[PDB]
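Alright, two takes on the same chain below, each alone as structure tokens: structure 1 and structure 2.
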Structure 1
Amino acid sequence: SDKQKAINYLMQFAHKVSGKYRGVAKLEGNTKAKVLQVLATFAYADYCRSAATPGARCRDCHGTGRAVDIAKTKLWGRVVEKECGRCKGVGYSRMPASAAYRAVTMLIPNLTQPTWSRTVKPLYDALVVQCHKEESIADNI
């Protein structure tokens, strides 16, 4: 329910801003609503990802996102740590937008990746941003 609450909140935002994105503004009511549902559900799923997400935990740092910087340790006289190189300091892998793209092709079969990049992905990215911007949208819920 908290998940459904968050998704509906995102969906209201998405409907509000949908007019600004050529790939969705043109879509018919029901198809448009389903495309927005896909985009919001995937954006929220990505926002909620962590090292506890099955399969996501970085293999090299085991989720800490940290690793000793041996060159700096040797030249600075103390143990210095850097961001883990494999996960770029996150500790876990993200869900690429390509997953939402493939999900959306089930509703827009002729959607190509370049046209997705130009005309639909910006809405997806905006929904991810909105997840980060809204405190009420919880990453642990």
Structure 2
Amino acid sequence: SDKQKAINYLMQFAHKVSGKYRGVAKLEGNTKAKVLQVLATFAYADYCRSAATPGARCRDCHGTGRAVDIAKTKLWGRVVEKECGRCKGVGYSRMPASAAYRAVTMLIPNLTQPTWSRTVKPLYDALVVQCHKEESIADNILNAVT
């Protein structure tokens, strides 16, 4: 419901950016749709578990890997980010991705893990971090002093 809406939002984003990832960009339409749905479902679950589990994502950036660069934000008149110093940009554990790899191989049975790592997993990670970034923006808006 609320979960399915968020998953659908994430699936639509996955389609928008899919052309950047060589392992999904040229799949047949029906397979591409199934793959992107798997990636969005696993990525959203990975995000949700990491936010609710103590220690499962970085406690300074809350998963985004990024922090505000105060001086550059002032200079440029827009939010400029830098790497999160605490997690040096990792944001969230990468171990849950193995489950997504297994689910994708059921749809792409010749996809090896190193080919996944280079050509598909970057989209999975783009989706996980997209969720942490959405949460950070929602928090910034909710708590603005203006």
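Basically, rigid core = biggest C-alpha set you can superpose within 1.5 Å across the two forms. Quick note, the numbers are simply positions in structure 1, starting from 1.
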| message | Looking for the form deposited with the DNA bound among these two structures; is it 1 or 2? | response | 1
| note | Of the residues 107, 80, 33, 99, superposed on the core between the two structures, only the C-alpha of one moves by 2 Å or more, and that residue is 80
| query | Core aligned, does the CA of residue 49 move at least 2 Å between the two structures? | reply | no
| note | Taking the rigid core as reference, the Cα of residue 90 travels between the two structures a distance in Å of 13.2
